[PDB]
Ligand SMILES: COCC#Cc1cccc([C@@]2(c3ccc(OC(F)F)cc3)N=C(N)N3CC(F)(F)CN=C32)c1
């Protein structure tokens, strides 16, 4: 799938986007690749953070659905009007589909300054689509209207690639390990074990999935439930005891800086998340390096140093395997087989001592879900 390789641009902090065309004549927009939502929602009115927007009046294929949509959430707000129009992905499948579009007229803390994207491609299931499950998501429309296989894959690089309808073997090394999609709403998965520098957190596996565990490209951080987060911070603090950082750094509210090229990657531990396998009590592990959980914050003002933000944060809505976890892994969203595949990416993170990995099988001779 050579033409789809390198079709994504961006970073973990501001999100990965794909170029898409909306309407007829086609209007070009950069769209956020989001596996944690289900609406194809685009800016359709001027905004201080929007460089361009969807102009419905200039589209002869636009159809108004005469239904408003108001989405109030924790991190922000957005409202608009529902409609349908012709949609295509220039560096994706060579197809044109009619898909639902949420025309964003008003928003609060939704769009990001200098993100370079004007909309969101909600790749999750209809159950979480707004205003309700009757609003068919883009991928469902794509699969229904074309002969594109019910599968997509993400290769997020610290740029990247979105392969629609298949797996590109040039984007990964070794074997692909599959975890079952527990329920088709968010991309829900099951964590069976968490290790910090090979040391088990020793918690009932349900704790890692309170109240759910999801794979989300639309979230930066690895988000963990309160109890899991505290024990993880304690284990990372103990492993990196040679240096003491402010409480603010551990809360994700302040930066940690070291002289350019002197980051002590070796003092920080590796994090292993054991995901539920396709067979009973069997599992595989994904290993995360500090290079993934210590997200660099690019700022010309602080450029004499390399400054980092701790990319592990507290969650009250379950575990979120964000962009920092997805980076350096080729993630296969096998919708047709209700499973998520993980393999070491060609753009994986590694130093001379350690490498990010996808390894198994592991046997644990209870149900880890909620
Ligand atoms: C990776 O970071 C870049 C980004 C982003 C971003 C911007 C706006 C909204 C979202 C959204 C989001 C997208 C669409 C939404 O509404 C839908 F109805 F359109 C709501 C939130 N995408 C995800 N995955 N989440 C996680 C959250 F819930 F914690 C907070 N917000 C979101 C992501």
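To match Swiss-Prot, the residue numbers of chain A are left as they are there, and the shown ones run 60-217, 232-438, 441-445.
We read in the header that X-ray crystallography, 2.0 Å was used to get this structure.
Placed from the backbone N, Cα and C atoms, the Cβ positions cover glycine too.
Just one residue in 279, 382, 411 has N6-acetyllysine written against it in Swiss-Prot, and it is 279.
Cross-referencing 126, 310 with Swiss-Prot, the residue annotated as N6-acetyllysine turns out to be 126.
Close contacts with ligand 1, defined as a Cβ under 6 Å from any of its atoms, occur at 93, 289 among the recorded positions 93, 216, 289. Here residue 330 (disulfide bond) is compared against the recorded positions 93, 216, 285, and the shortest C-alpha distance is to 216. Each of the disulfide-bonded residues 216, 278, 330, 420, 443 was scored by other CB atoms within 10 A of its CB, and the lowest score goes to 330. Unmodelled segment: 2 residues between residue 438 and residue 441, spanning 9 Å (Cα to Cα, whole number).
In this structure the alpha carbons, written CA, of residue 126 (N6-acetyllysine) and residue 289 (active site) are 28 Å apart. Residue pair residue 443 (disulfide bond) / residue 279 (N6-acetyllysine) shows a Cα separation of 4 Å.
Comparing C-alpha positions, residue 285 (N6-acetyllysine) sits nearest to 354 among the recorded positions 216, 354, 380.
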